[PDB]
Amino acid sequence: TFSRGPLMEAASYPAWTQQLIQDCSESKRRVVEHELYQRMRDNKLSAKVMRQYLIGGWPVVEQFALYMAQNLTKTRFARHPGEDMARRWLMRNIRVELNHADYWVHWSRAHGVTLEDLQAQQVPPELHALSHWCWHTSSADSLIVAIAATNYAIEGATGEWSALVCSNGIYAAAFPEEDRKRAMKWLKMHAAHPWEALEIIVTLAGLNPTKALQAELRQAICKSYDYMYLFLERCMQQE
């Protein structure tokens, strides 16, 4: 049984957890420090690649609350404290995504990418792998693995690359004054969820999870990062 130090510090969680974070650090790093985001931050990304990024990312954003809904259907009342924690967290964070799909549409519109463009999904297959993995793990994997792959890995990495993109103001400064707030909304809203997810994962796993379970979590987390990396590499192949 595990009960938690501060929320957003690896120290507050067990030894196997800090080792897990450590084992996933490089897979995460090459995503959150990727050249594509550095160039987006500096208003240096070509329009063609920015268009691909917004289109290719749309399925994961549009369906993100649906991944959580699928995971919610794996929960049962009072079957395990972590499960209750997950149920309550999922029931609240599905609400949180209420407008986020709309914000992505507005962001995309600011770059000339229409709703028709988002729906058409005319992008390379490297960009869709992330969405297929999210649906599969949300559909077929255990509650703990699916939360690790989607809510911990993707949301955590997304908090970091969204912050990087906004870090020096150049990107936002490129938008016309009267379009900036609406265009930057999604980035702003995403630039604590990942640590809350980890807390749920740790509670579910316990203080002494088997090596097999630690390995399953590590591999699921790194697969999410690696499909984000595959996405970004293919985008930059064009640049």
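Numbers follow the displayed sequence, beginning with 1.
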{"query": "Where residue 191 meets residue 192 in the shown sequence, the number of deposited residues left unmodelled", "finding": "4 to 9"}
{"query": "Missing residues, deposited sequence, between residue 4 and residue 5 (class: none, 1 to 3, 4 to 9, 10 or more)", "finding": "1 to 3"}
{"query": "30 to 38 set against 202 to 210, stretch whose average Cα temperature factor tops the other in the entry", "finding": "202 to 210"}
{"query": "Mean temperature factor over C-alpha atoms, higher-scoring stretch between 150 to 158 and 97 to 105", "finding": "97 to 105"}
{"query": "Residue 171 by Cα B-factor - lowest, middle or highest third of the modelled chain", "finding": "middle"}
{"query": "Residue 111 by Cα B-factor - lowest, middle or highest third of the modelled chain", "finding": "middle"}
{"query": "Chain-relative CA temperature factor third for residue 21", "finding": "middle"}
{"query": "Among modelled residues of the same chain, the CA temperature factor third for residue 224", "finding": "lowest"}
{"query": "Lowest, middle or highest third - CA B-factor, residue 78", "finding": "highest"}
